[PDB]
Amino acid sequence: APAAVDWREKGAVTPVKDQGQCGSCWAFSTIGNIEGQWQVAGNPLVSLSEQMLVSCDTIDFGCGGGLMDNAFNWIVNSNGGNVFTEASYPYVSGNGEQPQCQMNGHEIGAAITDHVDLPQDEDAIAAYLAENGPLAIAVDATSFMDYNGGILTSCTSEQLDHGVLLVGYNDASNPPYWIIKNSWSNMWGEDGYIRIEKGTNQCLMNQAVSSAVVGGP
């Protein structure tokens, strides 16, 4: 793969968002991956709706949690592949309240046809990332809680518990690192991002990487 990839420079990544007091990381990760894959496939960047998943995805558990693979499946099998825009279906669950599913009054911003699960291999993940755009991943976020900047090199890596968005990497750094977009506002980390070392499976980053497919069979 290339020595470095940063999908934020290419217009494939929306501004950092804030899940607030709701366990909706899984929906932020899903949506950020779709926003990325849609733009990289040749469409103008559009912000898409986490609220749609929180409120409408019957496989997952709203603010009680979920899985990106389940959200991808819901979008395709229950919503015809379609994803509403953020502007037309705004995120209101930051206070932890969960309105009922509203299917009316929205605009469709993107469509997906399937999803894929990547192998547990940092080089496969880098290549897929470099070709296709930002990826949904899960991490052990124990080390995220006290992060204030820099490259994490001894991240606790015991149990997955948080969904995030993998947006790039830089191999020409000592040490090499991955670039991850979090959903804890731009007041957390490096304006909402974190860097973790690449090549050492930091935070178990390789364990559950997935992506939507745009314009597939």
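In case it trips you up, residue 1 is the first one in the sequence shown, and so on. Under this definition, the rigid core comprises the largest set of C-alpha atoms superposing within 1.5 Å between the forms.
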> C-alpha RMS from this form in 4 other deposited structures of this protein, rigid core superposed: larger for 97 to 105 or 111 to 119?
Replying inline: 97 to 105
> Hey, which bit's got the bigger mean C-alpha B factor in the entry, 189 to 197 or 21 to 29?
Replying inline: 189 to 197
> Do the C-alpha atoms of 141 to 149 or of 90 to 98 have the higher average B factor in the entry?
Replying inline: 141 to 149
>> Comparing recorded Cα B-factors across 51, 37, 70, 174, which one is largest?
In response: 174
> Should residue 59 be placed in the lowest, middle or highest third of its chain by the C-alpha B factor in the entry?
Replying inline: middle
> Ranked by Cα temperature factor within the chain, is residue 212 in the lowest third, the middle third or the highest third?
Replying inline: lowest
>> Which third, lowest, middle or highest, does the C-alpha temperature factor of residue 105 belong to within its own chain?
In response: highest
> Once the chain's modelled residues are ordered by C-alpha B factor and cut into thirds, is residue 166 in the lowest, middle or highest one?
Replying inline: lowest
>> When the deposited Cα B-factors of this chain's modelled residues are ordered and cut into thirds, is residue 202 in the lowest, the middle or the highest one?
In response: highest
